[PDB]
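Novice: This is the structure I have questions about; it appears just below.
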Amino acid sequence: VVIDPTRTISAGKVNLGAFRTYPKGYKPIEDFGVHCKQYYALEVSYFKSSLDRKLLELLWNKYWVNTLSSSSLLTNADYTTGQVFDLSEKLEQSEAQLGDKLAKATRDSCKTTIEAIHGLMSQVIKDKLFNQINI
Amino acid sequence: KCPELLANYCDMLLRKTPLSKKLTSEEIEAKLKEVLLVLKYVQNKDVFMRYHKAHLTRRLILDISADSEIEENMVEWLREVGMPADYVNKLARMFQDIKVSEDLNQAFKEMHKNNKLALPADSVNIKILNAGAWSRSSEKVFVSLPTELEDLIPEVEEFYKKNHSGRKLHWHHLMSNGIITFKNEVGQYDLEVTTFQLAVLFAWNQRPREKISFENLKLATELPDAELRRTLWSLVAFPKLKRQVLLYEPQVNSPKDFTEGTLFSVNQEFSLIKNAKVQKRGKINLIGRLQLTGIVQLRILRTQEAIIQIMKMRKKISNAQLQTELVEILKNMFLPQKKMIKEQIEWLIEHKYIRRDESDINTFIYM
């Protein structure tokens with residue numbers, strides 16, 4: 001596991017990187033370095049218990065102002081555009097394969113659409129709560 | 001190792017530095033090449049380089065070189081044998097300055113030939129060399145030059161200002177030489193002396209031989225105290241001399257030190273005779289071989305991991321970028337030099353911690 005403290009602090013997102021390596025002999029992008037063939041990368045995921053989830057939600061509950069004033073989908077526009085671009089590449093790869101990856105593309109598209117509709121729902125709820133009082 | 005002694009052998013071959021009159025033919029130059037091979041095999045080349053530079057400066061500033069083509073080819077031979085580039089660049093600059101000085105002296109002699117100065121225009125020679133390569137010290141010492149030379153320095157300064165305005169000439173009295181004429185009774189013999197020796201000899205010239213004390217001589221010559229004593233050592237302890245020109249010492253002692261208030265006086269009837277028989281037209285050279293002009297291992301360990309840190313930060317970098325970042329990081333510590341950084345550079349590349357790019361000679365790659 002390799003992390004970057006300075007970039008994590010400056011940017012605001014963590015730099016967790018989990019790596020396994022290909023053993024010697026098996027031979028079959030400048031950011032990764034010069035030994036990109038010897039070592040590769042892995043995906044990262046997280047979990048938390050039911051008690052941990054309840055405690056984290058109740059602790060984060062003292063963030064109501066930011067909760068109902070964040071107005072997401074206006075801050076993560078670059079992330080969503082990158083996600084859509086990767087969706088297009090994955091869709092092209094799946095179409096080439098058909099000539100499975102289609103399930104992965106469908107799951108990614110579902111995730112992005114769910115995030116977008118969640119942002120729209122929060123915006124609609126805020127508009128209903130604030131802008132529809134006292135005429 | 002031998003080092004300096006080996007350099008002495010070069011002084012015996014490339015030019016007639018002193019007792020180097022034993023020259024036979026160009027084959028000796030081939031022997032010099034063998035000496036160069038020794039310089040390749042031996043270590044601690046800094047002392048040898050310094051001695052060679054000092055010998056070259058002594059030979060060129062006095063015009064006593066036996067041959068000129070051999071001296072010019074010596075730079076190329078040393079470069080081929082392997083030596084620091086700074087020494088080669090300094091030697092090339094010195095040779096170019098010596099070449100330009102001949103034209104400058106010819107122009108000065110040809111232009112200023114009506115004012116008549118003090119001496120004839122064919123007896124004064126001017127040699128102006130760049131101070132960034134032909135010298136390292138920057139200390140000025142008064143010599144209280146005689147009235148004869150008091151009208152020649154301003155003329156040279158004016159000519160240099162007129163021709164090459166923008167540069168300041170700082171005269172170096174230690175490397176200057178000249179010939180004076182004595183009238184010591186039986187034989188008038190010419191004597192070759194530097195500026196300080198000339199001033200010391202001319203101090204006791206305004207009142208016949210007479211006798212003067214050390215304090216009076218110091219107050220008259222206005223020399224830099226102890227250095228004046230050294231000049232006296234040249235005029236009282238001349239090696240292989242039957243009779244010194246200034247044959248005095250008062251309370252005997254030695255010319256090294258303990259002068260105290262000795263009353264030195266010139267010998268009017270001094271027996272300064274060549275071959276000890278009739279000094280009718282003799283000539284004596286008194287300059288001789290004068291040529292007047294954080295521990296390391298714990299400190300060198302500082303910078304190598306600094307270079308490796310710069311490399312581990314970013315894989316791709318150029319030479320100039322590496323130098324800039326290195327000197328940016330190491331300002332809090334001692335100020336880096338050029339030789340140390342270069343030494344670390346090939347120490348790193350020889351350990352194969354970095355890769356020299358093939359397409360670009362300056363681009364480096366981390367491992």
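Residue numbering restarts at 1 in every chain; chains get A, B, ... in the order shown in the structure tokens, and ligands count up from 1 in that same order.
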Counting only C-alpha atoms, collect the residues of chain A whose closest atom lies at most 12 Å from chain B, and write them out as an MDAnalysis selection string.

Specialist: chainID A and resid 30:35

Novice: Can you tell me, as a list in words, what residues are no more than 10 Å from residue 243 of chain B when counting only C-alpha atoms, ignoring any on the same chain fewer than 2 positions away?

Specialist: residues 236, 237, 238, 240, 241, 245, 246, 247, 267, 270, 271, 272, 273 and 276 of chain B

Novice: I'd like the contact shell of residue 123 of chain B - 12 Å cut-off, only C-alpha atoms, skipping same-chain residues fewer than 5 positions apart - returned as a PyMOL selection string.

Specialist: chain B and resi 105-106+108-109+113+116-118+152+178-179

Novice: Pick out the residues sitting within 10 Å of residue 153 of chain B, and hand them over as JSON, numbers by chain; count only C-alpha atoms, and ignore anything fewer than 6 positions along from it in its own chain.

Specialist: {"B": [126, 159, 171]}

Novice: Suppose you want the space between atom CA of residue 94 of chain B and atom CA of residue 55 of chain B; what is it in Å?

Specialist: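 One can read the atom CA of residue 94 of chain B to atom CA of residue 55 of chain B distance as 12.7 Å.
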
Novice: Where does segment 48-86 of chain A meet segment 106-118 of chain A within 8 Å, residue by residue, with the nearest atom pair and distance in Å to one decimal for each, counting only C-alpha atoms, listed by chain and rising number, as a Markdown table?

Specialist:
| residue | atom | partner | partner_atom | distance |
| --- | --- | --- | --- | --- |
| A:73 | CA | A:116 | CA | 7.0 |
| A:80 | CA | A:112 | CA | 7.3 |
| A:83 | CA | A:112 | CA | 7.4 |
| A:84 | CA | A:112 | CA | 7.9 |
